[PDB]
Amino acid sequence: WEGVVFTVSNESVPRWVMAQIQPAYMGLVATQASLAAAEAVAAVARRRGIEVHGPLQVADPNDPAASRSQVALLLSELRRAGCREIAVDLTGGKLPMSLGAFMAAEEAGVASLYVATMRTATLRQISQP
């Protein structure tokens, strides 16, 4: 892989993917709470020479559409910068972030990757076809 777009909740797992595949371009989508992790990923990637796009923030992380659109923007920005082999690692983030990222990646025809290792609750809809 030439490029990788990450949904981010922790910094350690994207770093390990970086070493595995050594891409030339990287995109980062985070929430407000996970922004510091995304910036930590960006900092190590910059000093290895990777071109870093983002982090982009999603206003509501429980809304898959928000994540989907941000990953879409980054997948386009990376294609523009001249990257042709892009994948989306959706390991990080809450479930709707990973789901929105997968949606963006299916909709652009790119490969999705994964790293195998109640009073507040609302019921929400992810998809209605």
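A residue's number is simply how far along the shown sequence it sits, counting from 1.
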* Stretch with the greater mean C-alpha B-factor as recorded in the entry, comparing 49-57 against 79-87 -> 79-87
* Third of chain Cα B-factors occupied by residue 120 -> highest
* Structure fact -> Binned into thirds over the chain's modelled residues, the C-alpha B-factor of residue 126 lands in the highest
* Modelled-residue ranking by C-alpha temperature factor, third containing residue 70 -> lowest
* To do: Give the position of residue 112 by CA B-factor within its chain, expressed as the lowest, middle or highest third.
  => middle
* Structure fact -> Chain-relative C-alpha B factor for residue 12 (record values, thirds): the middle
